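[1] first piece of the complex, coordinates kept as in the full assembly:
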Amino acid sequence: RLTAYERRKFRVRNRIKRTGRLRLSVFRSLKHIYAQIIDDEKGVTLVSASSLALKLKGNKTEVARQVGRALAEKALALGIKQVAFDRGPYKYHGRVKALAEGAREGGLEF
Amino acid sequence: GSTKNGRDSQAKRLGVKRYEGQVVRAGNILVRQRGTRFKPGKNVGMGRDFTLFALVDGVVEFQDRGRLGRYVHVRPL
């Protein structure tokens, strides 16, 4: 038995996979936020960014914007440019939207 | 007496058209089917009648993925 959480996750993620682009996978906990760029052709993660590894302040929104900036900066170093935003079960809004906006501000192409 | 039976439809000539390993070109129809008995894989598109056709030049390969179904891919050349 699946839950609407997992169903929504599958539903957005398969449509992301079909486009054959690298996926900026987002995960959002109650405290922190994590984001890793994945190539599903090899089952490998290329670049990772998070507020737990960067030790960031309070406001989850500005924190996510900063982790997006960091992810885009570390990604442009490895030749990555175009990507597809894996919003997972999270509606593109608020914290996740700020992460995406920070990623675009760093030069990531999506 | 009489009969109310004798009628049928013209057969539809369905099924697989390019078995695994067969080199194909861009657009070759790979499978004809009602429903998704085979699902599209890498470099394989599907049409409005569930027809799998190659998206690039390459080589057919099948992949049975258990409960996920059966997939047909095109390895580039």
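    Perfect, thanks for sending it. Numbers count the residues shown, from 1 in each chain, chains lettered A, B, ... in the order given.
[2] quick check: the gap between the residue nearest the centre of chain B and residue B:54.
    Nearest residue to the geometric centre of chain B (C-alpha atoms, centre = their mean): residue B:31, 1.4 Å. Distance, residue B:31 to residue B:54, using C-beta to C-beta, to the nearest Å: 10 Å. C-beta: built from backbone N, CA, C; applies to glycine.
[3] just residue B:38 next, same as before
    For residue B:38, the distance to residue B:54 - C-beta to C-beta - is 13 Å.
[4] residues contacting the biggest helix by length in chain A, please?
    The helix that spans the most residues within chain A, counting by DSSP state H, is helix A:60-76. Helix A:60-76 is contacted by residues A:24, A:33, A:35, A:37, A:46-51, A:54, A:56-57, A:83, A:94-96, A:98-108 when judged by C-beta atoms under 8 Å, 6 or more residues apart in numbering or on different chains.
[5] now that helix, how far from the centre of its chain.
    Relative to the centre of its chain, helix A:60-76 is centred 9 Å away, using C-alpha atoms, centre = their mean, to the nearest Å.
[6] try stretch B:3-16
    On the basis of C-alpha atoms, centre = their mean, stretch B:3-16 sits 20 Å off its chain's mean C-alpha point.
[7] one more: stretch B:5-22?
    Mean-position distance between stretch B:5-22 and its chain equals 11 Å (C-alpha atoms, centre = their mean).
[8] same check, this time on stretch B:2-12
    Distance, centroid of stretch B:2-12 to centroid of chain: 27 Å (C-alpha atoms, centre = their mean).
[9] gap between the two ends of that stretch?
    Distance between the two ends of stretch B:2-12: 29 Å, counting by C-alpha to C-alpha, to the nearest Å.
[10] could you do stretch B:24-39 as well?
    The straight-line separation of the ends of stretch B:24-39 (C-alpha to C-alpha) is 18 Å.
[11] add chain C to the structure above:
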Amino acid sequence: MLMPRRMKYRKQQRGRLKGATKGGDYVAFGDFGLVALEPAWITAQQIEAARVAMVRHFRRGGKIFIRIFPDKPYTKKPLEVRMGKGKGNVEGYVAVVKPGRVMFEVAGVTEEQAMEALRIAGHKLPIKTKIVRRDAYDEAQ
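    That brings us to chain C, laid onto the chains above:
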């Protein structure tokens, strides 16, 4: 007598009759059994005759198990009509019996009663039969 109470299709094709039995080749209820030796379509009339014969020999007492049931519909065209113009009309029902199936079993009766009853029952059948008793080979299946 014996016939299905409902079916998905009224008329069936004739099929084949090759091989030994698919199942029911071992005693599993009574003390004795009547086993078939050659394949045939055994009509419900014949099964009813055999049953009635066995209970008429027992007069009162014993238990009879019928392990075949006629679900194949027999068909026949009307008399003096030519070929074509459809398939015939269902005139009865038969049970596909193949070599080595126990068709009847008798329990709770003397050995002589069971032997003679199974004999008179077999005499109503359109095939050769064999009288069998329950063996440890049956008990192991």
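[12] let's see the contacts of helix A:60-76 again after adding chain C.
    A:24, A:33, A:35, A:37, A:46-51, A:54, A:56-57, A:83, A:94-96, A:98-108.
[13] rerun at 7 Å
    Contact with helix A:60-76 is made by A:33, A:35, A:37, A:47, A:49-51, A:54, A:56-57, A:94-95, A:98-103, A:105-108, as judged by C-beta atoms under 7 Å, 6 or more residues apart in numbering or on different chains.
[14] can you tell me which of these are buried?
    Buried subset of the contacts of helix A:60-76 (neighbour count, 16 or more other C-beta atoms under 10 Å in any protein chain shown): A:33, A:35, A:37, A:47, A:49-51, A:56, A:95, A:98-100, A:102-103, A:106, A:108.
[15] neighbours of whichever residue of chain A sits closest to chain C, just the number please.
    Proximity of chain A to chain C (C-beta to the nearest C-beta) peaks at residue A:1, 34.1 Å away. Neighbour count for residue A:1, taken as other C-beta atoms under 10 Å in any protein chain shown: 3.
[16] now it: how far from residue A:89?
    In terms of C-beta to C-beta, residue A:1 sits 17 Å off from residue A:89.
[17] doesn't residue C:30 make contact with residue C:132?
    No. Using C-beta atoms under 7 Å, residue C:132 and residue C:30 do not qualify as a contacting pair, with a distance of 10.4 Å.
[18] where exactly do the helices run in chain B?
    Taking DSSP H, chain B contains no helices at all.
[19] got it, and chain A?
    Under DSSP H, chain A gives helices at A:4-17, A:51-54, A:60-76, A:94-105.
[20] contact residues of chain B facing chain C?
    Residues of chain B lying close to chain C by C-beta under 7 Å from any C-beta of the partner chain are B:1, B:2, B:3.
[21] give me the neighbour count for the closest residue in space to residue B:13 that isn't next to it in sequence.
    The spatial neighbour of residue B:13 that comes closest, neighbours along the chain excluded (C-beta to C-beta, 6 or more residues apart in numbering or on different chains), is residue B:32 at 7.5 Å. Other residues lying near residue B:32 total 19 when counted by other C-beta under 10 Å.
[22] mind adding chain D? sequence follows:
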Amino acid sequence: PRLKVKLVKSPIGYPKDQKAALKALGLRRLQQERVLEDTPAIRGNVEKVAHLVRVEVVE
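    If we add chain D to the chains shown above, we get the following:
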């Protein structure tokens, strides 16, 4: 190792693929003997008609 195959029974009345098998081995007339290299393909075609033919192993 090579095979010595000899046609001993007539292909008349046998399915056409067995006639084609005879045509691959090079047997056309009865009592004709041929010596073919013992490869799996020639061996398969020889086994296909082994009821019409007599085989002996040589060299």
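[23] check the contacts of helix A:60-76 one more time with chain D there.
    Residues from elsewhere that reach helix A:60-76 (C-beta under 7 Å, 6+ apart): A:33, A:35, A:37, A:47, A:49-51, A:54, A:56-57, A:94-95, A:98-103, A:105-108.
[24] buried ones in it?
    By 16+ other C-beta under 10 Å, the buried positions in helix A:60-76 come out as A:60, A:63-75.
[25] surely residue C:43 meets residue C:97?
    No. The pair residue C:43 / residue C:97 is not scored as a contact, 10.5 Å apart, by C-beta under 7 Å.
[26] which one of these two has more residues nearby?
    Neighbours were counted for residue C:43 and for residue C:97 using other C-beta under 10 Å; residue C:97 has more, 26 against 20.
[27] distance of the more buried one from residue C:54?
    From residue C:97 to residue C:54 the distance is 17 Å (C-beta to C-beta).
[28] give me the number of residues near the residue in chain B that chain C sits nearest to?
    Taking C-beta to the nearest C-beta as the measure, chain B has residue B:3 as its residue closest to chain C, at 4.2 Å. For residue B:3, the neighbour count with other C-beta under 10 Å is 9.
[29] which one is it nearest to, not counting chain neighbours?
    Using C-beta to C-beta, 6+ apart and skipping residues adjacent in sequence, the residue nearest residue B:3 is residue C:86, 4.2 Å away.
[30] where's that neighbour relative to residue C:75, distance?
    According to C-beta to C-beta, residue C:86 and residue C:75 sit 10 Å apart.
[31] likewise residue B:76?
    60 Å.
[32] neighbour count for the two, which is higher?
    Neighbours per residue (other C-beta under 10 Å) separate residue B:76 from residue C:75, with residue C:75 holding more: 16 against 9.
[33] for the residue nearest to that one when sequence neighbours are not counted, give me its contacts.
    The shortest distance from residue C:75 to any non-neighbouring residue, by C-beta to C-beta, 6+ apart, is to residue C:88 (4.2 Å). Neighbour list for residue C:88: C:75, C:76, C:77 [criterion: C-beta under 7 Å, 6+ apart].
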